[PDB]
Amino acid sequence: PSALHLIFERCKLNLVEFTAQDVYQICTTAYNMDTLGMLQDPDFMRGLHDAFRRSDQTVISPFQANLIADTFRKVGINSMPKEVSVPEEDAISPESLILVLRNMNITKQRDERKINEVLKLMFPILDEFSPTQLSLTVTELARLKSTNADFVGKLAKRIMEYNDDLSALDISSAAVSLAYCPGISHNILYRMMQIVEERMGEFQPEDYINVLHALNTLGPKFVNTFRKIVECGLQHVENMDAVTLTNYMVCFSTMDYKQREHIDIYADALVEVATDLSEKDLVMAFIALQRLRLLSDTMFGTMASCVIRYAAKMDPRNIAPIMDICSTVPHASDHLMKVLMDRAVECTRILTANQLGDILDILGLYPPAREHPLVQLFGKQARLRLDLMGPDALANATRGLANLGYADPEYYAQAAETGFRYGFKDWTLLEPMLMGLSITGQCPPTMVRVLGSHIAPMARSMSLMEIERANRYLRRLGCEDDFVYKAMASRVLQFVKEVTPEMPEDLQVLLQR
Amino acid sequence: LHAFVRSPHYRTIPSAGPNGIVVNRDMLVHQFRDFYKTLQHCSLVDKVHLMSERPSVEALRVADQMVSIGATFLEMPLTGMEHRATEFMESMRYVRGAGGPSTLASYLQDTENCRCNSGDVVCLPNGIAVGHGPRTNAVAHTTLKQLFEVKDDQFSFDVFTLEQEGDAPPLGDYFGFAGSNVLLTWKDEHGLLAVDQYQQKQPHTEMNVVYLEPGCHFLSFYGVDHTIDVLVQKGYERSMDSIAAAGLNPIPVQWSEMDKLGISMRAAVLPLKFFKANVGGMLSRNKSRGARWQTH
Amino acid sequence: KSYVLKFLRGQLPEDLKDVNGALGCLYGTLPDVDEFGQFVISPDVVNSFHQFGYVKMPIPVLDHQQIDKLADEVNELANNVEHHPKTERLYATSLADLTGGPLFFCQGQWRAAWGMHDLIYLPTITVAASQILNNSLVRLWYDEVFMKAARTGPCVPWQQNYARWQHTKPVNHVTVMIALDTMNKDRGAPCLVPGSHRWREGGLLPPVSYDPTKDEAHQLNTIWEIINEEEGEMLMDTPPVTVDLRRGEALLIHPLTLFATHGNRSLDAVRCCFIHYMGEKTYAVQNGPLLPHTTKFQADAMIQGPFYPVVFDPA
Amino acid sequence: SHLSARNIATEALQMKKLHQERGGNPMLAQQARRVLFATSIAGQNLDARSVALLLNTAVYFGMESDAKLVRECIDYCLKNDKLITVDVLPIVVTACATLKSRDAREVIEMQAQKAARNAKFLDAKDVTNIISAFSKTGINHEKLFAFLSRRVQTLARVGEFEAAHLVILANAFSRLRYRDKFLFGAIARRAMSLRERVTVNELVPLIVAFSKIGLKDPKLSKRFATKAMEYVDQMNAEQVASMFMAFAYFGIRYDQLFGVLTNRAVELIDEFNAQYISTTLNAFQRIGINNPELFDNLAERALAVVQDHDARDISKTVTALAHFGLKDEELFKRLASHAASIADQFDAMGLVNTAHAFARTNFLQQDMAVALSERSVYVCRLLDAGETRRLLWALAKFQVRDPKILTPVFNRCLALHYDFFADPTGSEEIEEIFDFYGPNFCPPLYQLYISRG
Amino acid sequence: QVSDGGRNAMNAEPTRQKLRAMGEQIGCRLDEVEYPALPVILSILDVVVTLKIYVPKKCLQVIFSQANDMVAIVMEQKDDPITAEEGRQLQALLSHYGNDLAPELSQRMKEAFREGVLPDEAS
């Protein structure tokens, strides 16, 4: 071709007068078909980007601008649509402010100042809103995470005074978005849930989801409401979308239902349909089933077959809870553990501190984990991550690695150095450090003195059995001071009022020391 | 679970107690410091958010503002305590800092001719125990019945009305629960009367009863969050072995100075069960515990 | 060495001339001593430069994912709302009056911004400059940039580079010009006489006159004022030729060559860079600083110091 | 490979920690610069934690207010102040210390005004981090520091802090010039009630800060002196130099401690470098104590390590040697020759002090003379009246008499002529200057000199 | 400022009585002043209550009438503010001091709380 070359050259040299609608049209035709090279000529895209950036964007809907930015970002050039200004005096109306908020939310750029300005301007003209606009602005505000409860309360009052002029999905959206605002008075919530209860006859399968989500976010305080909906659910348990039954289980877990009669029948229906779930709903179906203590062999086999499908490519934050659940089940599921360990081996470099700490913790007493390579490689990363770990993750990782028999001497020295600037709030927060330092039994005396000074105030709390562990750890670490031994001896004497041969040798030597 | 304590104002601790008993100014704050440090080392609480110093000594009593029933929190009527309103605001702010409830419930304040005072409320299995008499009147009992008396199978919530005499202190100070199915009380009139009345109210249940010496302050956190630790004042000896025989692990917190000012151990701490806000049908990780891998 | 505070141990000095090396930005880092032999230029290009007084490189020396960053730095250096930090370390800029104009330039900018510091050590142009200067060491003298305005973008008349470099005893320099954007005769591409570097036995032509308001054509047709009949006949033999450059192409020139650059008629700005190199055996002429706030030299002192770092050294 | 912005933020934080406190590997710094130079946050959507971490790590590695990442982070922190909770406040506040643009100033003031409203609702870790981060910048918000002071005072009565908390609090409060006696009294009380848990590595910086604040108290100073005695055999060279500096700042002649510290330091002469030598000599000059035998050993060691001197080290060592009378010809020749090459690195203090100390010693090299005299024009705006007078006297003894060098100095002297002519310590110092130059040089200055005053 | 539990515990009450004396001397003239907003009223009443200063009933009547007239506007205009806590303490203060101070503001505040026209401070 010849004229095509000239057109391309005229476009690249940036003499063409392009308006935003033309660049939108060209972006669409390149996005959908691209028969001729558009996304493979970097200079053409650069010239088009310059034309778009310099051109006025006020003549396009937000969605097309978002499409333009999205097709620009694919080829390797950053792009962000221009922001909008608040309308002036005469251009103010209930329709333009909603447009401002909608453009704010669509393009994924938010701002607090414009939100404050539009919520200040909306109040005087609040009477001009159509009954179907309030249910739109309410779910728009709750998508911007605007913690302003009085305006949303006014909107809720106006919506509920206009009850008959909205569809079922509007009530669904209003309820789910309302439940996401913290500062609401509870009477308004009661009245909204009652309004929802009145309209069971018109609901659709998606439209249950929002009400169930609102109830889960609210908790047991609205328990009777969840009693009614689940009753209305008894006529459809034969066929539901698996997400709906998963939400039913989650609400059951978060509500503490004391009536297993319906929980059982819902779970039996979920058992066969769970195969269609994705990763997230599968994991939280697993958690919901485990918390209410229903996992038996028949469902365990099915869900193991369901989770092995994802086992190869788990998301790291969805691995630890699965190991936790399989820990507290007596059935045989060693293969799922094996594949999960193999997957967690690969993600070692990208794992954060807390995830690694919890993963190591859950493998404290697993015998097959005594020889798997993660005994060492994980520890190596634990060496580097140690500067970021909090007290909880540090204690968990130390407990797990000590229970696995990790023979690095300097590791626990650095652990003690890190913990000495944190302080400890309880015996559990300190026990793994002593346990780790007990693998060898020797260390510089100053840190032993500091550990003794930390242990001394904690003696008043632990019972007779735990004082034995404390004495066993102290004596082996070459402790010498006395104001620690007498502190433990006083607590021991608080229980046993006489020296007797029944107590073990450590108690005998402590009572005479 | 969270707990809130308030540091006393050193410059204005009273010279002598209400009965004329001399109070050691420094030893009081020493006992406070030791008590708070013991409160941290318990392994059941999650945090202790320390408040700031305030002038009035009565402000050291913090549990009189709010009563927690079941799965909700409630605000006590302000009659007879008008000078402590402002501090309440400040305490609310601390609560908002933690992330629990936004604001309290306004049921009791709108019920006219209602006089109530906390301490009379004791949380017991699936129900509450409220003590009638000098503080709580009959109308308050009726109102509590209207709000929290449900009578459905598998969903019922009991309310128990225990009647005491005028001289009796608030019920929660000499009659309490611990762990589970374990009941403790004082070894005096208010003790046997209370346990006898409770047994007549619910004869179909039997609970271990272990008495304390009269005048001994104890605090046990009963509820769904089961605990096996009890705080007992360092002024008595037989109660320690009695509680140890009950199957509990006592802790001897020193409380000598605070007693002379008529403030119990209960009136210093305020425990709350915060409902973590789950988002979008998504559960939250809980404080797991147990014995992992019981099958090798 | 004094004690550096804990939260200051990774920062960089105020002037980037101190870091004796290339930052790990843009291209990774310098290649090894043996790995410098792949950037060599074909001899035909060398003979073409010798004949025509200028030459273009066979392949672009930069990729779009780096040129966009360089253009971002260039745009940042032109802010009139928040003045770019490290402004005071530049030789001279058009924004010293806080107003600017339809032309934007800055000199010695490698001491002020990242990335463009790394541009100096790019092997693909430094080795070519070394080959042009008879296979010896090379030294940076000073780098400057040009950014024309919108469709009112002015032009630059005919000029010889050495007319600004009288301080140097021999004529032993070279100039590399980088096109940061697509350029054209309607946008600001350069036009240079293909034989002006071989006139008057290397003599320097008289300086040209200009007017700050006349049209571009008048500023272009003032060449006749300088030349004579003899140069006129060669001008008929060798008419001026304009070269169009795409994003990332490089052009090598000679200090004795007459050159000029058209204006800007497009809808936006356009950016280009000029880097001037030395060889060895270069000495000053007078006693004083060659550039403002630089090292002072003797009347016949060799030119070397911190402000003129070595870039590439064969063997 | 390519990863989400949150993983980048985590690895960047670890890279910053490793560079900061576990050895300064240059390769790590170069690799982190490479990774952070080509990463943008606009496309993704992250919470405040990852964005704040990216901004902090980027600023730490030498990114000014011009790069894309810094602007991208700063606009977000401008538009979402409510998403900035007390957790991420110190990270951003630290990140904006070096930047001095408009948006950085506005962000810092926003954080400052937010901090003195949640003063009562903090805890130990947040209080420590907030006060250190605010000490980093240089803010002057007195009410904020008072609000935090009451909170720390109250929180200290229940005994939670460890040694590191005390060190950080003392350093941050000292650096901000907050002379509140009761706060430091509570700090000291909590320090002394922590038995066997204040190691020397945590003891020494606390003493340094308590000396630097400048509260006048001999009682706790004597307690510090007695407590430091038992560890005299445990420190290394750096802690010995720091102790010398701190006790010079205290200003009380604890002769016993000085003697025992001298007998300790004479053993550790080999481990001393230029920085410790300069610190020790400067401390001895400030306190005003003559210790010859130690001085000869330090002078010889400094002679052995001449090449390692910086501008600060030369400006300290030369001043101390000039004050104390101990002269070494070879050492001074080496120091002048070395300072010839480092002439550009002197700040306002160092150039004037080195020139004056050389002038009074009658050791006038010529390469050093020209190298230091040419530099005076650049810095002349920054100096003070007395420093300018001293520099002018040193130049008069240098015998330069070149208008290019001398023109700005006289302008500055006229600028501060009220303080210039009202300095008794130097009333005779102007006589030699005006004798050397003469009335034909500066008619206005000469007219003012001849005038009564 | 004055300390009972201190080294000068001999004249604590003789100083507190004097302070209350001036307090009464300034309280008896409080009816002459206009009160711009409710928080001023709350501060003055809080000091009076926590310090146990007697005030004449006329000043109480003026204070409570002004508070009633000012609080009418926000409730009747359904928007602009008064927090629910503020209404709680105002109702409690009148209940302590008696209904006769403003026999209308009692039911007025009760109705205002019933309608929920006063939002929470953290809302």
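Each chain carries its own residue count, beginning from 1 and running in the order its sequence is written; this scheme need not agree with the entry numbering, and residues with no coordinates do not appear. All chains are assigned letters beginning with A, and all ligands numbers beginning with 1, in the order in which they are written. In this view the chains form part of a larger assembly, and all numbers refer to the visible part. Each side-chain value is worked out from all heavy atoms of the structure, with water and hydrogens disregarded.

Structure determination for this PDB entry was carried out by cryo-EM, with a resolution of 3.7 Å recorded in the header.

### A look at the overall build of chain A
Short version of the rule: We count a stretch as a helix when DSSP gives it H or I for four or more residues in a row; a strand needs E for two or more, and each element gets its number in order from the N terminus. As defined in this context, the radius of gyration uses C-alpha atoms, and a globule is described by 2.2 Å times the residue total to the power 0.38. Only protein chains enter the accessibility calculation, which uses a 1.4 Å probe; a residue is then buried when its area is under 20% of its type maximum, exposed when over 50%, and partly exposed in between. By definition, residues are in contact when any of their heavy atoms lie within 4.5 Å. Per-residue and other accessible areas follow the Shrake-Rupley method at a 1.4 Å probe size, with only the shown protein chains counted as cover for residues. Counted as positive: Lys and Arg. Counted as negative: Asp and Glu, with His and the chain ends omitted from the count. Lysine's charge is taken at NZ, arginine's at CZ, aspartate's at CG and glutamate's at CD.
The helix and strand tally for chain A stands at 27 helices and zero strands. Radius of gyration (C-alpha) of chain A: 32 Å, far over the 24 Å computed for a compact globule of 513 residues. Taking the principal axes of its C-alpha atoms as reference, chain A extends roughly 100 × 65 × 50 Å. Residue burial in chain A is summarised as follows: out of 513 residues, 54% are buried. Taking the intrachain contacts of chain A between residues at least 6 apart in sequence as the baseline, contacts between residues at least 24 apart amount to 73%. Working note: accessible area of chain A is about 24300 Å², and carbon and sulfur atoms make up 54% of it. Measuring between centres, the 52 positive side-chain charges of chain A sit 6 Å from its 66 negative side-chain charges.

### Observations regarding the side chain of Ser55(A)
Within the secondary structure, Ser55(A) is located in the loop between α3 (42-54) and α4 (62-74). When neighbours within four sequence positions are excluded, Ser55(A) is seen to be in contact with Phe18(A), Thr19(A) and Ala20(A).

### Description of the pairing of strand β2 (residues 103-107) of chain C
Residue and element names in this part refer to chain C. Going by this rule: A pair of strands is considered paired only if DSSP assigns at least 2 bridges between the two.
Alternating positions in β2 separate cleanly, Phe104 and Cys106 being buried on one face and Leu103, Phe105 and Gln107 remaining unburied on the opposite face. Sheet topology note: the β2/strand β3 (residues 139-148) ladder contains five bridges and is antiparallel. Paired with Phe104 across the bridge in β3 is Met147.

### Observations regarding the interface of chain B and chain A
Formally: Accessible surface is computed with a 1.4 Å probe, and the buried area is the amount of it that two parts give up when combined, taken over both parts together. Each salt bridge in this description consists of a side-chain nitrogen of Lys or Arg and a carboxyl oxygen of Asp or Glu lying within 4 Å of one another.
Of the residues lining the interface, 35 residues belong to chain B; the matching set on chain A comes to 43 residues. Approximately 3600 Å² of surface area, both sides summed, lies buried where chain B meets chain A, with 52% of it carried by carbon and sulfur atoms. When residues of chain B are sorted by the area they lose upon contact with chain A, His41(B), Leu283(B) and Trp293(B) head the list and together hold 24% of the total. Among the salt bridges present, the one from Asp324(A) reaches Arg292(B), with a minimum N-O distance of 3.8 Å.

### Considerations on the interface of chain A and chain C
To keep it simple, the criterion reads: A 3.5 Å cut-off defines polar contacts: any pair of N or O atoms within that distance qualifies, except that in protein one atom must be a possible hydrogen donor and the other a possible acceptor, and neighbouring residues in sequence count only when both atoms are side-chain atoms.
Across the contact, eleven residues belong to chain A and ten residues belong to chain C. Carbon and sulfur atoms supply 51% of the area buried between chain A and chain C, which totals about 960 Å² over both sides. On the chain A side of the contact with chain C, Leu13(A), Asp43(A) and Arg46(A) bury the most area, a combined 50% of that side's loss. Applying the counting rule to chain A against chain C returns two salt bridges. At the boundary of chain A with chain C, the tally comes to four residue pairs in polar contact.

### Considering the sheet that holds strand β9 (residues 259-261) of chain C
One key point about sheets: their strands pair by backbone hydrogen bonds, in either a parallel or an antiparallel sense. All names here are of chain C. The strand order across the open sheet formed by four strands is β4-β9-β6-β7, and the pairing between neighbours is antiparallel. Where the open sheet ends on each side, the last strands, each with one partner, are β4 (156-159) and β7 (241-242). Relative to β7, strand β6 (residues 190-192) is paired through two bridges, and the arrangement is antiparallel. Bridged to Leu192 within β7 is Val241.

### Digging into the environment of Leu294(D)
As for its position among the elements, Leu294(D) is in helix α16 (residues 292-304). The spatial distance from the C-alpha of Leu294(D) to the C-alpha of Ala191(D) is 34 Å, given a sequence separation of 103 residues.

### Some points on a negative patch on the surface
Inclusion rule: Each patch is assembled from residues with relative accessible area greater than 30% and no salt bridge, linking like charges that lie within 9 Å and nonpolar side chains (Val, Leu, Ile, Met, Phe, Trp, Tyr) that lie within 5 Å.
A cluster of acidic residues, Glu261(A), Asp264(A), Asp268(A), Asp152(B) and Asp153(B), forms a negative patch on the protein surface. Mapped onto the elements of the fold, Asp264(A) is located in helix α14 (residues 260-273).

### Here we look at helix α15 (residues 274-287) of chain D
All names here are of chain D. How we decide: By definition here, a helix of n residues has an expected span of 1.5 Å times n minus one.
In this model α15 runs 20 Å from its N-terminal to its C-terminal C-alpha over 14 residues, within 8% of the 20 Å that 1.5 Å per residue would give. When you tally the buried positions in α15, you get ten out of 14 residues, the bulk of the element. Those residues of α15 hidden inside the fold are in contact with α13 (237-250), α16 and α17 (311-324). Regarding α15, its N-cap is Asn273, as a side-chain oxygen of that residue lies 3.0 Å from the backbone nitrogen of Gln275 further along.

### A word on the arrangement of the chains
Here seven pairs of chains make contact, and the pair sharing the most contacts is chains A and B. The two units chain C and chain E remain apart, with a minimum C-alpha distance of 38 Å. Left apart from each other, chain D and chain E have a closest C-alpha approach of 14 Å.

### Regarding the packing of helix α9 (residues 168-178) of chain A against helix α10 (residues 186-198) of chain A
Residues and elements named next belong to chain A. Put simply, the rule reads: Here an axis means a line fitted to C-alpha atoms, over the contact stretch when the element is a helix, while the angle between two N-to-C directions is reported on a 0 to 180 degree scale. With respect to orientation, any angle under 35 degrees is reported as roughly parallel, any angle over 145 as roughly antiparallel, any angle of 65 to 115 as roughly perpendicular, and every other angle as oblique. What makes a crossing left-handed is the near helix being turned counterclockwise from the far one by less than a right angle; a clockwise turn instead makes it right-handed. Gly is put with the polar residues, along with every residue not named as nonpolar or charged; the nonpolar set is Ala, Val, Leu, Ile, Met, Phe, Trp, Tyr, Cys and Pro, and the charged set is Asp, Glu, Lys and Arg.
Packing of α9 against α10 brings their axes to within 11 Å, and their N-to-C directions diverge by 150°. Here α9 is positioned roughly antiparallel relative to α10, judged by the angle of their axes. Between α9 and α10 the crossing geometry is left-handed. Packed against α9, whose contacting residues are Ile171, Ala174, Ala175 and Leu178, the element α10 presents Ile188, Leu189, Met192, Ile195 and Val196 at the interface. Of the residues assigned to the contact of α9 with α10, the class counts are nine nonpolar, no polar and no charged.

### Observations regarding the pattern of salt bridges
If you walk through the whole model with that rule in mind, you get 63 salt bridges over all chains. The shortest N-O distance in the salt bridge between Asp68(C) and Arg46(A) comes to 3.7 Å. Here the residue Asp68(C) occupies a position in helix α2 (residues 64-76), and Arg46(A) occupies one in helix α3, the pair thus bridging two chains. For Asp68(C), a relative accessible area of 25% gives the class partly exposed. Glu90(B) is the salt-bridge partner of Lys120(D), the closest N and O atoms lying 3.8 Å from each other. Taken together, the positions of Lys120(D) in the loop between α6 (102-115) and α7 (124-137) and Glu90(B) in helix α2 (residues 85-98) put the pair across two chains. What emerges from the salt-bridge pattern is a single network uniting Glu58(B), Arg61(B), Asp64(B), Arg84(B) and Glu87(B).

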